[PDB]
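The block underneath contains the structure these notes are about, expressed in structure tokens.
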Amino acid sequence: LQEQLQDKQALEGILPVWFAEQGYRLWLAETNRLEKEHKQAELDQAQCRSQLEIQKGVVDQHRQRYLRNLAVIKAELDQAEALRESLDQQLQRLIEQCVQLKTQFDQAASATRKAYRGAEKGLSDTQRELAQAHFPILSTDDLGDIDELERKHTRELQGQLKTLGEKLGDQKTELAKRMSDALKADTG
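Residue numbers for the sequence shown, in the deposited numbering: 275 to 342, 691 to 810.
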């Protein structure tokens, strides 16, 4: 019973490090994805700003030509200014997305770093070898499933430890009673 209890204690000690390592891998992947998305959003916002400058120049040229049967030129200006507002709107949307992306990116980084600070423990070795056969490998879609599975394994192992402790206490009481009976039979 003592040996079984020790084995369960060892497994319970091993579990959290492995789960933290899996979480670190998942958060690193997520951070890489969000980094790529944020960089693409920044490129798009630079492109849209350049387009806005070009459209402003076009509007300025149209209005300058009109201000000097000239009303037709005004029509051109109208078209230009119309495009301008749409482009302006696009910029706004993009900015929001960029900000959103950046915010999300930051979160991922923090998570990764947090997970990096959670999975920096060493001595993986044969302990990690046992963990890979005792605990599942978690996928990036298992964002909250890490906590769920870790808590489930912890509860199961705690119940096993409690049952083993109950059995060990019962066996110790049995041994004490048997030794007492032997002493009673013993003459000295």
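The C-beta atom is built at its ideal place from N, Cα and C for all residues, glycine as well.
- Here the stretch 315-327 does not lie against the stretch 747-767, with fewer than 3 beta-carbon pairs under 8 Å apart.
- Three or more beta-carbon pairs separated by less than 8 Å link the stretch 276-296 to the stretch 741-749, which places the two stretches in contact.
- Rounded to the nearest whole angstrom, the CA to CA distance from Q726 to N306 is 12 Å.
- A check of alpha carbon separations from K330 across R342, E703, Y340 identifies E703 as the nearest.
- Cβ neighbours of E295 within its own chain (closer than 6 Å, five residues either side excluded): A741.
- Membership of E742 in any alpha helix (DSSP H) is not indicated, and neither H nor E is assigned to it by DSSP.
- Between the alpha carbons of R339 and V332 lies a distance of about 11 Å.
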